[PDB]
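# Descriptive structure summary
Letter by letter, the chains look like this.
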Amino acid sequence: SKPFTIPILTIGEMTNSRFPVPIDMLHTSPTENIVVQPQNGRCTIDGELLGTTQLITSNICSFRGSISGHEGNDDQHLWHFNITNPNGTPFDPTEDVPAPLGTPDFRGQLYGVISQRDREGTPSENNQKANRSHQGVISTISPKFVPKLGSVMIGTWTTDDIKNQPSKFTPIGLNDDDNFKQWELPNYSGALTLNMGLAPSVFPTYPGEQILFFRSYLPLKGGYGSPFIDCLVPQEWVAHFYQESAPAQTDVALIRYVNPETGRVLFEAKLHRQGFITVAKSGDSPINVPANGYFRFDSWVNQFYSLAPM
Amino acid sequence: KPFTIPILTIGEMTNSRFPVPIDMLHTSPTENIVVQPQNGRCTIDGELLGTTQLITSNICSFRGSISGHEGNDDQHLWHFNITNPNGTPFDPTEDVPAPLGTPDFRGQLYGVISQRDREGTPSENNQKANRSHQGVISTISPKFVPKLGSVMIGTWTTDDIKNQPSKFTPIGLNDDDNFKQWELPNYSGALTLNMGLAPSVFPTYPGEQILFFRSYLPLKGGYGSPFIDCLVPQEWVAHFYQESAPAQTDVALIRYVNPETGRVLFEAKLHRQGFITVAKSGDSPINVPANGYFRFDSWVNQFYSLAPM
Ligand SMILES: [Cl-]
Ligand SMILES: [Cl-]
Ligand SMILES: [Cl-]
């Protein structure tokens, strides 16, 4: 059987699988009263992509397609954004997926830039294509956020310079974090319709364990705070497992966090086949590890393995 | 154990010179240009060169703090002190051209500057204030001196910028005609030569051209379809860096394969320095499947005669 392996990249060499930014830190805390069911950054350790997970970091929380019309009443200009697969073909809602791959998996106000390049050249400019880019916000809580049905709504404040043309949304952060709920899924089909094709929720089963997350802070357009988003594995682990597809000889890999300079093991954890990590820790306190550290696969165990306290 | 290349498709990889997906393969004659990019430079045995770092989202990004302002008619320019990507002060005596990820082209880099203030606000439960706005970083300005620790960012008529910690996230370009992807900026400004460079690359074998991975870039406005060509995808940089596989010879023979049909489509040389050549003359459509990827075949040398692509 092909040996299972984990990337040796450091935290400072990897990206969050739920938002296209570097990982800032490891994080663990109790999650008994939250449902942990993210849809980006979901890959089994034997290489099966789940949820809305795709391979390209820059496509996480990005949309592409075209603007078809203005809806903008009071407050701001609003635009109807027909979205397509990341490769440009029409999204098929009968696929067993929640929404087009990379769609955001949280409730909040996604801030970024919409860029357009027109589909036909301009005859008075030697047939070159016209372009425009402006800031925009995509509310993932709007009743018009229906990515599974092929469209979302984007607002551009007082900017009216948006055409009915091919468009891409590149995420930057959040408009505000007033109601940012990273563990609450949006309605991918809007009001009164349940989500489908979901990666399952994850939780520790063994007494005394918590999930270990990879955390990144997010920029804000305005207001106050230091919002953050937690992923189950880095995006580079998704791409590694997807390519390697090593057989999972049991459903739990024992992994150790190591300092390659000193050669010493710092702590150990369980990497569950479903694609998430648990550790033996109670509470939320500083995780004192070196910047050069990374996880190494040690051996195949099971869900009843008793980890050393982290 | 042996030498491997990622099996990711073009549609699963990112440009190593700008944080966007790869759109297509490209080859054309380059005898009259100097191909010396500084991002996306990694030897096949894992040595990072130039300004190359590992994270796609840090390519063409800067972080640091704003420290000053200059008016320009009704427009605003800001002094942006930059640090290493990990936040520590950049040491210009290091044998690198500039902080890792600094742009490697002359152009008007368009993106968004985001700030989060250093100290909290008591009236907001000691939370930090934030703001983000569009900006342009000219890589041709005399004030573009990243090797010396700073660049200048313009925000048009927006004056809502503080002397606070800041990050610039790139989106694309402000114009097409002044974007020269093969002309390096002056990392130390006027009258000072660049240092720590990854070397220029070129085909030595008669009849060969460099094969590039091309992406189109967004524009803030105006006309055009600008593009940027990298030598290998960013995911190849990360693969070679981790694997650090010994280069048995200085040239790997690689074949582009369709995994569904199992058939080889064309072959190429992957040079140890970190670039690909093909036997082709001219620039014409490269007709390959979207599912295709390169596979290492064998170790050869610079005199291997490739089949015509
Ligand atoms: Cl054009
Ligand atoms: Cl379990
Ligand atoms: Cl804060």
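So, how was this worked out
- Residues numbered from 1 in each chain as written, not as in the entry; some residues may be left out.
- Chains lettered and ligands numbered in written order.
- Heavy atoms only, no water.
- Residues with missing side-chain atoms left out of burial classes, pairs and counts.
- Helix = DSSP H or I, 4+ residues; strand = E, 2+ residues; numbered from the N terminus.
- Rg over C-alpha atoms; globule rule 2.2 N^0.38 Å.
- Pairing = 2+ DSSP bridges.
- Axes fitted to C-alpha atoms, helices over the stretch in contact; angles between N-to-C directions.
- Salt bridge = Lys/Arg side-chain N within 4 Å of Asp/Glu carboxyl O.
- Buried < 20%, exposed > 50% of the residue type's maximum accessible area, 1.4 Å probe, protein only.
- Contact = heavy atoms within 4.5 Å.
- Buried area = accessible area lost by both parts, 1.4 Å probe.
- Polar contact = N/O pair within 3.5 Å; in protein donor to acceptor, adjacent residues only side chain to side chain.
- Nonpolar A, V, L, I, M, F, W, Y, C, P; charged D, E, K, R; others polar.
- 1 Å grid on protein atoms, 1.4 Å probe; cavity = no way out; pocket = protein on both sides within 12 Å on 5 of 7 lines; lining within 4 Å.
- Points joined across faces, edges and corners; volume = space filled by probe spheres on them.
- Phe/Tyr/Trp six-rings, centres within 6.5 Å; stacked < 30°, edge-to-face > 60°.
- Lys NZ or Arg CZ within 6 Å of the ring centre and 35° of its normal.
- Domains from an automatic or database assignment.

## Considering the overall build of chain A
When helices and strands are tallied, chain A shows 1 helix and 13 strands. For chain A, the α and β elements follow one another from N to C terminus as β-β-β-β-β-β-β-β-β-α-β-β-β-β. For 310 residues, the compact-globule estimate of 2.2 N^0.38 gives 19 Å, and the C-alpha radius of gyration of chain A, at 21 Å, lies within 12% of that figure. Each of the three principal axes of chain A carries a C-alpha extent, and together these read 65 × 40 × 40 Å.

## A closer look at the sheet that holds strand β3 (residues 78-83) of chain A
Strand pairs in the sheet, formed through backbone hydrogen bonds, run parallel or antiparallel to each other. All names here are of chain A. The strand order around the closed barrel built from 6 strands is β2-β3-β6-β5-β4-β7, with neighbouring strands paired in antiparallel fashion. Adjacent strand axes in the sheet meet at a mean angle of 45 degrees when their direction is disregarded. The pairing of strand β2 (residues 63-70) with β3 spans 5 bridges and is antiparallel. Of the residues in β3, the one forming a bridge with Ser-66 is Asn-82.

## A short note on the pattern of salt bridges
Two side chains with opposite charge may pair up if their charged atoms get near one another. Applying the stated criterion to the full structure yields 21 salt bridges over all chains. Of the charged contacts in the structure, one is a salt bridge between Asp251(A) and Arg273(A), with a shortest N-O distance of 3.1 Å. Taken together, the residues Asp251(A) in the loop between α1 (235-244) and β10 (252-258) and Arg273(A) in the loop between β11 (265-272) and β12 (276-280) connect sequence positions 22 residues apart. Overall, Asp251(A) belongs to the partly exposed group, its relative accessible area being 46%. For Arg273(A), a relative accessible area of 34% corresponds to the partly exposed category. With a shortest N-O distance of 2.8 Å, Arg255(B) and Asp297(B) are connected by a salt bridge. Of this pair, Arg255(B) sits in strand β10 (residues 251-257) while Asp297(B) sits in strand β13 (residues 293-300), and the two are 42 residues apart along the sequence. By relative accessible area, which is 34% here, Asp297(B) ends up partly exposed. Look at the salt bridges and you will find they share partners, linking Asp46(A), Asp251(A) and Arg273(A) into a network.

## Some details on unusual backbone geometry
As a rule of thumb, non-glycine residues mostly have phi less than zero, and peptide bonds are mostly trans rather than cis. Although it is not a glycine, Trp157(A) sits at a positive phi angle of roughly 55 degrees. With respect to the element layout, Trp157(A) can be found in the loop between β6 (151-155) and β7 (166-174). For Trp157(A), a relative accessible area of 29% gives the class partly exposed. Non-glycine residue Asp73(B) carries a positive phi angle of around 60 degrees. The topology assignment puts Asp73(B) in the loop between β2 (62-72) and β3 (75-82).

## Points about the interface of chain A and chain B
With 44 residues of chain A at the contact, the number on the chain B side is 46 residues. Across the chain A/chain B interface, buried area totals approximately 3,600 Å², and carbon plus sulfur atoms make up 54% of it. If you look at where chain A meets chain B, you find 0 salt bridges. One can count 23 residue pairs in polar contact joining chain A with chain B. Every element with two or more residues in the side of chain A that touches chain B is listed here: β4 (109-117), β5 (131-139), β7 and α1 of chain A. When residues in the side of chain A that touches chain B are grouped by element, the largest group, 5 residues, is from β5(A). Its residues assigned to classes, the side of chain A that touches chain B comprises 20 nonpolar, 17 polar and 7 charged.

## Some thoughts on the pairing of β12(A)
Residue and element names in this part refer to chain A. Where burial is concerned, most of β12 is hidden: 5 out of the 5 residues are buried. Alternating positions in β12 separate into two faces, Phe-276, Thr-278 and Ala-280 on one and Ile-277 and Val-279 on the other, with burial throughout. Relative to β12, strand β8 (residues 209-217) runs antiparallel, the two sharing 4 bridges. Bridge assignment links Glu-209 to a residue of β12, and that residue is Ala-280.

## Some remarks on the side chain of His240(A)
With respect to the secondary-structure elements, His240(A) resides in helix α1. Among the polar contacts made by the side chain of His240(A), one reaches the side chain of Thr5(A) at a distance of 2.8 Å.

## Observations regarding empty space enclosed by the protein
What the largest cavity holds in volume is close to 280 Å³. Taken together, 20 residues form the lining of the largest cavity, with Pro20(A), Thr170(A), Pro171(A), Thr169(B) and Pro170(B) sitting closest to its centre. Of all elements in the fold, only β7 of chain A together with β7 (165-173) of chain B reach the threshold of two or more residues within the lining of the largest cavity. Of the residues that constitute the lining of the largest cavity, the class distribution is 12 nonpolar, 6 polar and 2 charged. Residue lining of the second largest cavity: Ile6(A), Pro7(A), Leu9(A), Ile11(A), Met14(A), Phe214(A), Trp237(A), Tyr257(A), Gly293(A), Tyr294(A) and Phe295(A), and that is the complete set. Of the residues in the lining of the second largest cavity, the class split is 10 nonpolar, 1 polar and no charged.

## Quick notes on the environment of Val34(B)
Residue and element names in this part refer to chain B. Tracing the chain through its elements places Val-34 in the loop between β1 (24-27) and β2. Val-34 sits 46 residues away from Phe-80 along the chain, and the two C-alpha atoms are 30 Å apart. Ignoring any residue separated from it by four or fewer positions in sequence, one finds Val-34 in contact with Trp-182 and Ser-200.

## Observations regarding the packing of aromatic side chains
As enumerated under the stated definition, the model contains 32 aromatic pairs over all chains in all. Ring centres of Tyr256(B) and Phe294(B) lie 4.7 Å apart, and the angle between their planes is 75 degrees; on these two criteria the pair is classed as edge-to-face. Note that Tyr256(B) is positioned in strand β10 and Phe294(B) in strand β13, a separation of 38 residues in sequence. With a relative accessible area of 2%, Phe294(B) lands in the buried category. Between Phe266(B) and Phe294(B), the ring centres sit 5.6 Å apart and the planes meet at 80 degrees, which makes this aromatic pair edge-to-face. With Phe266(B) in strand β11 (residues 264-271) and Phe294(B) in strand β13, this residue pair connects regions lying 28 residues apart in the sequence. Three or more aromatic residues joined by ring pairs make a cluster, and in this case those are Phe4(A), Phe214(A), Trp237(A), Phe241(A), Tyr257(A), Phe267(A), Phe295(A), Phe297(A) and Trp300(A). One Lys or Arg, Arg214(B), reaches over the ring of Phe227(B) and ends 3.6 Å from the middle of that ring.

## A few points about the domain arrangement of chain B
All names here are of chain B. Entries for chain B in the domain assignment read domain 1 (10-49 + 198-300) and domain 2 (59-173). Each of domain 1 and domain 2 was reduced to a C-alpha centroid, and the two centroids are 31 Å apart. Each side of the interface is counted separately: domain 1 has 15 residues, and domain 2 has 16 residues. Across the domain 1 to domain 2 interface the summed buried area is about 1,200 Å²; carbon plus sulfur atoms make up 63%. Three residues, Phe-18, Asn-39 and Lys-220, lead the burial of domain 1 against domain 2; their summed loss comes to 45% of the area buried on that side.

## A look at the environment of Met25(A)
Structurally, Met25(A) can be placed in strand β1 (residues 25-28). For the pair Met25(A) and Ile11(A), spaced 14 residues apart in sequence, the C-alpha separation works out to 7.1 Å.

## Notes on helix α1 (residues 234-243) of chain B
In terms of residue burial, α1(B) counts as a mostly covered element, since 7 of its 10 residues are buried. Packed against the buried residues of α1(B) are β8 (208-216), β11, β12 (275-279) and β13 of chain B.

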